[PDB]
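**Student:** everything below, folded, please.
(chains A, B and C)
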Amino acid sequence: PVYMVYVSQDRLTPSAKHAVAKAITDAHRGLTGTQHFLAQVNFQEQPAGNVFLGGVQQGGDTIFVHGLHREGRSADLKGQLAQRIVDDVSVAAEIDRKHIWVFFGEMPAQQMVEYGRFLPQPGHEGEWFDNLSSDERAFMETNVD
Amino acid sequence: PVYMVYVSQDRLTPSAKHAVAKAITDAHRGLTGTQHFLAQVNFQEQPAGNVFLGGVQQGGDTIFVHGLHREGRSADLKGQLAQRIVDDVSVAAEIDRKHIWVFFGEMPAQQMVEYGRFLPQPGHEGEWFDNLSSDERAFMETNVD
Amino acid sequence: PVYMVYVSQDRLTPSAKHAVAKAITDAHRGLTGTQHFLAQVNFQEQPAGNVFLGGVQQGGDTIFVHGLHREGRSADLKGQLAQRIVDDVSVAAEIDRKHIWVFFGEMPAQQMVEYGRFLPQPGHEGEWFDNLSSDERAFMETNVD
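**Tutor:** Numbers count the residues shown, from 1 in each chain, chains lettered A, B, ... in the order given. The coordinates are given below.
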């Protein structure tokens, strides 16, 4: 998947960014089976005051997670995954849960490309990994924490 | 909903950001009934010259509104809401409507979290707000302009 | 369409941004037939280190293209469009394909607005253009390269 994470500049230190990425990644790995290296977390920083809620300019505590997923999982799994992200981003960022927004969007794997390769359907990532060329496997392997 | 608003750096003054947010938020409330505090406007500023139309680098005048909505509304309602955002943002920011792009994406409310809580379906915002904590309602009430 | 392109700061020069924007616009136009001026490429730059793969912070090499399309095209056409974007962007940015992520999201044209006007169904771009007013057609025409 790709998790776009919209935060205010200077709200998360580099280590807090690492912590937030590891929380989102571990959650997605834990609940779906997808290997760590297929999960990207992409922080998008904007000056504080760029978020408005109901017309009121905000400080810099709001966190918006936009999660882009392959189609094919159940509503039940997706709810657990969103709740676990709320949970673990709150702990990892030391920010209260009422600041955390999480939307999941879904697309057919047939129109999703990671590492220059089309994604498999959500249960099939094991065989998929194996007919990647040598180098592709070696490269992805290095992206695991 | 979350409205992501893609604009160039220094194109909108802070007063214009407030007026554009208010404009999007009032149109959304006026046409859907969703309470003000549930509508987020998130400005993503980039240096002018980062937008290309037909391969031709632009100045800093294009505005792309990307609305992330719950599923359940009619095509006619989304059409009126898209058009009102066009008209009202054009007025708020004093920009010709030909600079304004607006896309709506929808997701099930079941996979959509705001203020740390799962959203209801689009007609049930009343019941939903009546079963939040006292604190949660209070934090939420402060985000109305 | 709108192509959101997430790249690291100072990884693409002005000229490289242009080439990547031309690669995408040409790939889209070749394969779909949509006029050049209807294809927006919108570069979102963030400091290097804001991208985490498997929870591993990246340099500034990763590119994520998020395509926002009208519904109505075949899975095979979109597979050819995604592959050609990956290929052409690889040459134009001088970046290995293993760094390129491409996702397509689709929405009904009835909730999609470009240049302040609702988009037509795919394939209906020609007739659509002529019942635009003279000045709208004229502003649009200037965005071809």
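
**Student:** the residue of chain A found nearest chain B: neighbour count?
**Tutor:** Among all residues of chain A, residue A:55 sits closest to chain B, at 2.8 Å; criterion: C-beta to the nearest C-beta. Just so you know, the C-beta spots here come from the backbone N, C-alpha and C atoms, and that holds for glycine as well. When counting by other C-beta atoms under 10 Å in any protein chain shown, one arrives at 21 neighbours for residue A:55.

**Student:** helix or strand for the closest residue to it other than its chain neighbours, which one?
**Tutor:** Nearest non-adjacent residue to residue A:55, counting by C-beta to C-beta, 6 or more residues apart in numbering or on different chains: residue B:145, 2.8 Å away. Following DSSP states H and E, one finds residue B:145 outside all helices and strands.

**Student:** where do the strands of chain A begin and end?
**Tutor:** Secondary structure of chain A (DSSP state E): strands at A:2-8, A:40-46, A:51-53, A:56-57, A:63-70, A:100-107, A:112-114, A:117-118.

**Student:** can you say which of the ones you listed is packed in most?
**Tutor:** Of all those, strand A:51-53 has the most neighbours on average by mean count of other C-beta atoms under 10 Å in any protein chain shown, namely a mean of 26.

**Student:** for that one, packing partners?
**Tutor:** helix B:14-32, strand B:40-46 (3 or more C-beta pairs under 8 Å, 6 or more residues apart in numbering or on different chains; DSSP states H and E).

**Student:** for residue A:92, find the nearest of these.
**Tutor:** strand B:40-46 (21.0 Å; C-beta to C-beta).

**Student:** which helices and strands does the closest one pack with?
**Tutor:** Using 3+ C-beta pairs under 8 Å, 6+ apart, strand B:40-46 is in contact with strand A:40-46, strand A:51-53, strand B:2-8, helix B:14-32, strand C:40-46.

**Student:** distance to residue A:34 added to the ones you listed, as a markdown table?
**Tutor:** As requested, the helices and strands packed on strand B:40-46 are exported to a markdown table (distance: least, C-beta to C-beta, whole Å):
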| stretch | distance to residue A:34 |
| --- | --- |
| strand A:40-46 | 11 |
| strand A:51-53 | 30 |
| strand B:2-8 | 25 |
| helix B:14-32 | 34 |
| strand C:40-46 | 24 |
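
**Student:** quick one: closest of the ones you listed to residue C:94.
**Tutor:** strand C:40-46 (16.1 Å).

**Student:** and the angle for the closest one with strand B:2-8?
**Tutor:** Interaxial angle, strand C:40-46 versus strand B:2-8 (axes from the mean of the first three to the mean of the last three C-alpha atoms, to 10 degrees): 90 degrees.

**Student:** do I have it right that residue A:53 meets residue B:24?
**Tutor:** No - using C-beta atoms under 8 Å, residue A:53 is not in contact with residue B:24; the gap is 11.8 Å.

**Student:** so what sits against both of those two?
**Tutor:** B:39, B:41 (C-beta atoms under 8 Å, 6 or more residues apart in numbering or on different chains).

**Student:** quick one on the thing from earlier: ok, the residue nearest to residue A:55 to chain C distance?
**Tutor:** 25 Å (C-beta to the nearest C-beta, to the nearest Å).

**Student:** which parts of chain A sit against chain B?
**Tutor:** A:6, A:44, A:46-47, A:49-58, A:62, A:64, A:66, A:75, A:78-79, A:82-83, A:86, A:90, A:97-106 (C-beta under 8 Å from any C-beta of the partner chain).

**Student:** residues in contact with the nearest residue to residue A:73 once chain neighbours are set aside?
**Tutor:** Spatial nearest neighbour of residue A:73, excluding adjacent residues (C-beta to C-beta, 6+ apart): residue A:122 at 6.0 Å. Shown in contact with residue A:122 (C-beta under 8 Å, 6+ apart): A:32, A:33, A:34, A:70, A:72, A:73, A:109.

**Student:** so what does residue A:122 have for phi and psi?
**Tutor:** Note on residue A:122: backbone dihedrals following degrees, to the nearest 10 are phi -50, psi -10.

**Student:** end to end, how far does stretch A:54-73 reach?
**Tutor:** 32 Å (C-alpha to C-alpha, to the nearest Å).

**Student:** distance of residue A:127 from residue A:116?
**Tutor:** Residue A:127 sits 18 Å away from residue A:116, going by C-beta to C-beta, to the nearest Å.

**Student:** neighbour count: those two, which is higher?
**Tutor:** residue A:116 (18 against 9).

**Student:** OK, contacts around that one?
**Tutor:** Per C-beta under 8 Å, 6+ apart, neighbours of residue A:116: C:86, C:90, C:96, C:97, C:98, C:99, C:100.

**Student:** same thing with residue A:132?
**Tutor:** Listed by C-beta under 8 Å, 6+ apart, the contact set of residue A:132 reads A:117, A:140.

**Student:** on that earlier part again, mind picking the two most distant members of the contacts of residue A:122?
**Tutor:** Largest pairwise distance in those, by C-beta to C-beta, is 14.2 Å, between A:33 and A:109.

**Student:** higher neighbour count, those two?
**Tutor:** residue A:109 (20 against 11).

**Student:** at the contact with chain C, which residues of chain A appear?
**Tutor:** So far as C-beta under 8 Å from any C-beta goes, chain A lies against chain C at A:2, A:4, A:14, A:17-18, A:21-22, A:25-26, A:35-45, A:68, A:105, A:107-108, A:110-116, A:118, A:135-136, A:139, A:142-145.
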